[PDB]
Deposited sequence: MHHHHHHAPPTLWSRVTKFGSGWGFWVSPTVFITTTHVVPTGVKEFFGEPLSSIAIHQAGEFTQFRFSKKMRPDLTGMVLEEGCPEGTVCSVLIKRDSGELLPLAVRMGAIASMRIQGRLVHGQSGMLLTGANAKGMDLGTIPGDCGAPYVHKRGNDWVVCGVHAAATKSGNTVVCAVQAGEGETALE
């Protein structure tokens, strides 16, 4: 639904995602360095928790009070089909279907990633992206379980919270 896509926000060299009015997640390596604020808020008002290329910001005030809070999980069960909510600069919404594999630690191009590997689903997709969220549906509810970190055997990795 559109409220889910309204959570996907351009951030640094990629994207991030509003889990709730106060919680923003992204991939560490797209985060700007040497800034005094994020989204106009001083660093002194933001609780930053990051590890394994997963970054979480918790703001002191409601930044996106238009949003309900949704569930953030540490990866998903092996075999889950996730959608990676990729946005283009136009605002075009391009969900990418991925079959999720195992959670592991990996060194990718110098950075330790705590992530879950997956494979792009050729059969479920039409015949600057780091930070995009990996989501899947539980009932009519959406769950977020990672952020796009790496891709190359049509393989992807999302960083996950630990």
{"property": "Where the deposited sequence has no C-alpha coordinates (positions from 1, in order)", "result": "1-8, 136-143, 169-170, 181-188"}
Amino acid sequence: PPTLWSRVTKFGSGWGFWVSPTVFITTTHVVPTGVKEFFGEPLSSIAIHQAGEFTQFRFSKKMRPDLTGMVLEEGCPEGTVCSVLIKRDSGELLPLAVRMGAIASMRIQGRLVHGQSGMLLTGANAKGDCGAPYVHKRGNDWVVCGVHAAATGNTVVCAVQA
From here on, numbers count along this sequence of modelled residues.
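Heads up, when I say rigid core I mean the largest set of C-alphas that superpose within 1.5 Å between the two forms.
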{"query": "Stretch departing more from the displayed form, 22-30 or 89-97, Cα RMS in 8 other deposited structures of this protein (core fit)", "finding": "89-97"}
{"query": "Cross-entry absence of residue 43, a third or more of other PDB entries", "finding": "no"}
{"query": "Test item: residue 122 lacks coordinates in at least a third of other entries", "finding": "yes"}
{"query": "Per the entry, higher mean C-alpha B factor between 102-110 and 23-31", "finding": "102-110"}
{"query": "Mean temperature factor over C-alpha atoms, higher-scoring stretch between 141-149 and 14-22", "finding": "141-149"}
{"query": "Candidate set 40, 52, 65, 128 [ranked by C-alpha B-factor, highest]", "finding": "128"}
{"query": "Third assignment of residue 48 from its chain's C-alpha B-factors", "finding": "highest"}
{"query": "Modelled-residue ranking by C-alpha temperature factor, third containing residue 96", "finding": "middle"}
{"query": "Residue 123 - which third its CA temperature factor falls in, relative to the rest of the chain", "finding": "highest"}
{"query": "Chain third (lowest, middle, highest) by recorded CA B-factor, residue given as residue 56", "finding": "lowest"}
